[PDB]
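Here's a solo chain for you in structure tokens, the form deposited in one PDB entry.
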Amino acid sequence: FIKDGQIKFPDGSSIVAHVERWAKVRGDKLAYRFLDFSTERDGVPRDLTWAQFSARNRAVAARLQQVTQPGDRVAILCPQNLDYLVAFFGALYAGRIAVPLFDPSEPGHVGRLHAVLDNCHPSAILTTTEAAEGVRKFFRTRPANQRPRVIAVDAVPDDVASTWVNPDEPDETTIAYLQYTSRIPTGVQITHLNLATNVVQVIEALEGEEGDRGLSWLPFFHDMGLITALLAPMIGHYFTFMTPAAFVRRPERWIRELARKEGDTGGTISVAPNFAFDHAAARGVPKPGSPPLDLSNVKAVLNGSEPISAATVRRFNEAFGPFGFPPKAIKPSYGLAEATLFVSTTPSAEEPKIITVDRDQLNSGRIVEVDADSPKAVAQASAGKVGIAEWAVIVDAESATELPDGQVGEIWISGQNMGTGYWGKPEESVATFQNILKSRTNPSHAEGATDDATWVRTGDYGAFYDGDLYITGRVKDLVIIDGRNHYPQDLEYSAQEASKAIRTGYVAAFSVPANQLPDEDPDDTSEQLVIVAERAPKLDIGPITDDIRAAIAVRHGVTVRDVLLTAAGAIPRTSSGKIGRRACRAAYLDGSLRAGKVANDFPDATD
């Protein structure tokens, strides 16, 4: 669609009308393929053509229109499979607000599911026949008046579709679905306009052509897995997916989906968080004597949702370069739920941009390049260029003032893809989404946005440098000790490089007040460094601790006051698998981390 400063639609912005059209001209073509690895090690493909997809969406939608009213929320408590997509699109087809969640009988934070439900109060629950009893059982733990009707989407017959009524065309405020992140849970209001805008933004950035195909193992309950699933079939080829557990168990599965197949006229496109690249590199290489592996066909594998490590990038290429994997296929990318999904990515024709900058300058808020062999060198991966019809600026948050390039400040963003608020929360909505950019530089990274445009504060620090956006970390994760700043991922890299006994990527650095440290001055409240590190899957703690302490002291000039070593799987991670530093700190302070009793729901390599 055309651009006039912003993205214009009419013919419509409804994904419903667009899928229905796309469906009538490619009826027999495949739309989705689910690789089910639950009973068979090599997988069993479950296919869905466009005509079947449409038929099911219309049937589920008609059923929803009989038992829910316009404006009601419809929660999806379903495992990762074809039915999850049918349930989600069914909600959109019905003109009801979907709430993509997960199957309560699978791993999950049960207290958060209760909190989410306490905020969105759905009028219906969409699940499958297999998951239904488990869903009901969960609702028997909720109050008697909060047990909405449970619909098994695979049991709604196709003929129920005859009564389906295409909902009223959406305006710019009409909410399509709520995206819960990540306690207290905030549901981002994603409008049909938001969704269609980000879809167009992503398609422009990916430069997908006839024959390219998309694939993913990412969970549908997270923005990166959901949005990818909704838009991948739109590039012209069916979308293939598997579960996260399936990937974690045998990462080679992802690698072989990416690889060239007979019949491929284009390349493959996927997306994953940074830790997944390391898991694939260490455990996803074919064993000698396996069928040939040709990865020279990969077009783009986006690396986003968490900090990109230059070492992870190097390890991925070292493992898969010998199989033809082109290094320019790795595309560091940035985004967040409040922006639907996509904010920036490395241009299609370019290789990842990775620079080595001065540590001290970085810690004091400035990007200054240095030689890679310098002892003060910190490697920073770029997140590329901001997408079309959206803007990102770097600001001094308190004065809402843009900063010149090379200076670090909070990243604020704007665009038609920004969510319209958080469900039921006016104060939080204003604070996060309705910020005003009071002062701009010349040139301004806000050029093209109106002076009264609203800005979302991302909670991230970053900077522009030589035409690329760099994400340095979350504001709330910064380590401030004795008047100096330290990025926790830089301290973590030093800790793991100091000892082979630490699992790569499973380290968390944060500060706690002096008085919260263990017994090994009760009025001292100054922030002190703590390193939590998982042990590689037993060597005594003394030598390891001293290696960590000594390496951090020499290059960062800060003394670790406590090094806590845990078993693999002990550090808290979000539901999409990101190391959660604030959560690790809270577990350190509330007694659960030291007692070795932290609950994690994302599948772990060991268990």
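Just count from 1 along the sequence shown to find any residue number. Whichever C-alpha set is largest while still superposing within 1.5 Å between the two forms counts as the rigid core.
Same protein, other form: the form deposited in another entry, not shown, and the subject of what follows.
Comparing C-alpha positions between this form and the one not shown after a rigid core fit, one residue in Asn485, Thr174, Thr420, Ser444 moves 2 angstroms or more. It is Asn485. Once both forms are overlaid on the rigid core, the distance between the two CA positions of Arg573 between this form and the one not shown is 2 angstroms or more. Core-superposed comparison between this form and the one not shown: the C-alpha position of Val150 differs by less than 2 Å. In the core-superposed comparison between this form and the one not shown, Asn363 has its Cα shifted by at least 2 Å. Put simply, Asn317 and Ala232 spread apart in the other form: their C-alpha atoms are 3 Å or more farther than in the form shown.
The gap between the Cα atoms of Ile579 and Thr243 is larger in the other form, by no less than 3 Å, than in this form.
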